[PDB]
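In the form deposited in one PDB entry, a lone chain appears below as structure tokens.
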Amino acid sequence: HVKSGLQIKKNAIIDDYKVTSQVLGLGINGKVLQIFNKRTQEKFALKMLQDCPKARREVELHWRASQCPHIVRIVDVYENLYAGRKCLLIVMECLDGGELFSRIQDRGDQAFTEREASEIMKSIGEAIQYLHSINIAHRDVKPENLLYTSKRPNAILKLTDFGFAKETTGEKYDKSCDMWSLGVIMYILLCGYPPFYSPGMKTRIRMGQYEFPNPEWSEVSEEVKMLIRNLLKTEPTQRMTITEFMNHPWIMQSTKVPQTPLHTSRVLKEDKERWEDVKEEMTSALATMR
């Protein structure tokens, strides 16, 4: 199993691409821009990082993970001077489809089923598995980092952003972080709100209460709940591993999971004014778990 190493280009990227000023993101450590291949017109995205030890680590680890069908692909990396500062410029496959939960929030029908949730979870679990197998922990798995290739309902989900990723030899438990994220995302996919604690809106979870409230959880099986409790286990020493997760009947036979109708889409709309807080709660939480 032998892969090629990263070969950073030094020529000006503007020899190869038309670079616009429209900012497709204010990501973890750079900004993402819209660009076009000069000779093919084909669309791509560009991540700019000021060159430095962290930026070199993100790029390297992202390069190792690139060929995974559920991680955003790296096309090339340039080292250039950009507006007076030294940069790593990363050209990436273009990810048009929007973020994971915007798509679901926007479903016309409010017709999201448990089986769809399963299939999505399988996609994210494959990315984590690719990484964990080569001893990388992503450590930033969360909503804004999960994007679809295009707007086609047949679009592929891709994990992005290696700004917190690290190598994990000697340090197994660094991976638990990613598992906890799977649990949170799974939980949100099933009901439309995070399993978190805390004005004009419904309170989804009272402080300290049983974690699966009846209105939204009553038709979800105990089996699925056990799987969630395993992913959310407080102690990293007891939390489910990516191997156990990918061997679970609910993930393994995702396409034979019941099509139970879910509240998710409807809850995401009603609670939309709270989304940013949900993302913020998750981001802070991650800062203390990684």
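Shifts are known only where both forms have a C-alpha. Heads up: residue numbers just count along the shown sequence, starting at 1. Just so we're on the same page, rigid core means the largest C-alpha set that superposes within 1.5 Å between forms.
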Quiz prompt | Check: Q110 without coordinates in a third or more of other entries | solution = yes
Quiz prompt | Missing coords for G170 in a third or more of other PDB entries | solution = yes
Exercise. Can you count, per the entry, how many deposited residues between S198 and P199 come without coordinates? Answer none, 1 to 3, 4 to 9, or 10 or more.
Key: 4 to 9
Quiz item: As stated in the PDB record, which stretch has the larger average Cα B-factor, 123-131 or 90-98?
Solution: 90-98
Self-check item: Which of 248-256 and 32-40 has higher mean CA B factor, as the PDB entry lists it
Solution: 32-40
Quiz item: Out of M282, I13, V23, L268, which shows the largest CA B-factor listed in the entry?
Solution: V23
Exercise. Choose from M179, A117, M207, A137 the residue with the greatest Cα B-factor as stated in the PDB record.
Key: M207
Exercise. Consider only the C-alpha atoms of the modelled residues in this chain, order them by B-factor as the entry records it, and name the third containing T149: lowest, middle or highest.
Key: highest
Exercise. Could you look up the Cα B-factor of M48 in the entry and say which third of the chain it sits in: lowest, middle or highest?
Key: highest
Quiz prompt | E216, C-alpha B-factor rank within chain (lowest, middle or highest third) | solution = lowest
Quiz item: If you rank every modelled residue in this chain by C-alpha B factor, which third holds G108: lowest, middle or highest?
Solution: highest
Quiz item: Going by the entry, which third of its chain does the Cα temperature factor of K172 land in?
Solution: lowest
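Omitted from view is the form deposited in another entry, to which the following refers.
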Quiz item: Rigid core fitted, then: does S133 show a CA shift of 2 angstroms or greater between the shown form and the other one?
Solution: no
Quiz prompt | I205: Cα shift of 2 Å or greater between the shown form and the other one (core-aligned) | solution = yes
Quiz item: Once you compare with this form, do the C-alpha atoms of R204 and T264 lie closer or farther in the other entry, given a change of 3 Å or more?
Solution: farther
Exercise. Check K233 against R206 at the C-alpha atoms and report closer or farther in the other entry, compared with the shown form; the change is 3 Å or more.
Key: closer
Quiz item: In sequence order, what are the runs of at least 3 consecutive residues whose C-alphas shift by 2 Å or more between the shown form and the other one once the core is aligned?
Solution: 1-3, 82-85, 199-210
